[PDB]
Amino acid sequence: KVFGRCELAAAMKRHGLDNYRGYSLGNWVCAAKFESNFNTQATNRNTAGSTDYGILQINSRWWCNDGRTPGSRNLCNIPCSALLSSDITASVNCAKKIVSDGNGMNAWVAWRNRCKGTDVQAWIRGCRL
Ligand SMILES: CC(=O)N[C@@H]1[C@@H](O)[C@H](O[C@@H]2O[C@H](CO)[C@@H](O[C@@H]3O[C@H](CO)[C@@H](O[C@@H]4O[C@H](CO)[C@@H](O)[C@H](O)[C@H]4NC(C)=O)[C@H](O)[C@H]3NC(C)=O)[C@H](O)[C@H]2NC(C)=O)[C@@H](CO)O[C@H]1O
């Protein structure tokens with residue numbers, strides 16, 4: 001599924017990401033935009049052989065099982081495929097764990113480089129939330 005901006009904002013808010021660990025909603029929408037272009041089926045391969053999955057590009061090195069990242073963890077206890085669903089529940093619940101794990105949203109490289117410090121509230125302009 002390719003989400004619309006406000007559509008994704010509403011879903012993320014429904015699922016409790018707004019202000020989660022202190023990160024306002026626009027931070028999450030900005031992160032998603034640059035991680036996946038709001039596309040739930042986004043995938044990308046990392047140099048070490050791990051893969052990143054879904055709207056928030058969650059890394060099989062740590063968070064999910066894809067059976068093809070040996071030595072990795074599965075800290076969200078889910079198949080990485082569940083992170084490609086039209087339904088964002090699994091991605092959001094896993095992102096909650098990731099952002100809690102010490103580095104906050106710096107876990108998302110596109111967020112640190114493209115959203116952090118910027119006017120992220122603009123990403124929710126016009127949305128009915
Ligand atoms: C090639 C490329 O850059 N692709 C991107 C992916 O890398 C990226 O996924 C992110 O990947 C990084 C590095 O593997 C990952 O960061 C690591 O996360 C672990 C787990 O949270 C950290 O370990 C924790 O450290 C804290 C603080 O030190 C400890 O308190 C805590 O106990 C540790 N937890 C565990 C379980 O051991 C690592 O320190 C940390 N590594 C670095 C260098 O930051 C992110 O979690 C991955 N992010 C996501 C969303 O999965 C993906 C998104 O950034 O983007 C690709 O481009």
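These residue numbers are counts, starting from 1, taken along the chain as shown.
When the header is checked for method, it gives X-ray crystallography, 1.6 Å.
The backbone N, Cα and C atoms fix where each Cβ goes, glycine too.
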Recorded disulfide partner - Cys127, candidates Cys6, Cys30, source Swiss-Prot: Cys6
Disulfide-linked residue for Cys76, taking Swiss-Prot as the record, within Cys80, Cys94: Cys94
Candidates near ligand 1 among the disulfide-bonded residues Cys6, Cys30, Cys64, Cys127, judged by a Cβ under 6 angstroms: none
Rounded Cα separation (Å) that holds between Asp52 (active site) and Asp101 (substrate binding site): 18
When distances run from the Cα of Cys115 (disulfide bond) to each of the recorded positions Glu35, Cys64, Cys94, the nearest one: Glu35
Least buried by Cβ count (within 10 Å) of the disulfide-bonded residues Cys64, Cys80, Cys115, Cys127: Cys127
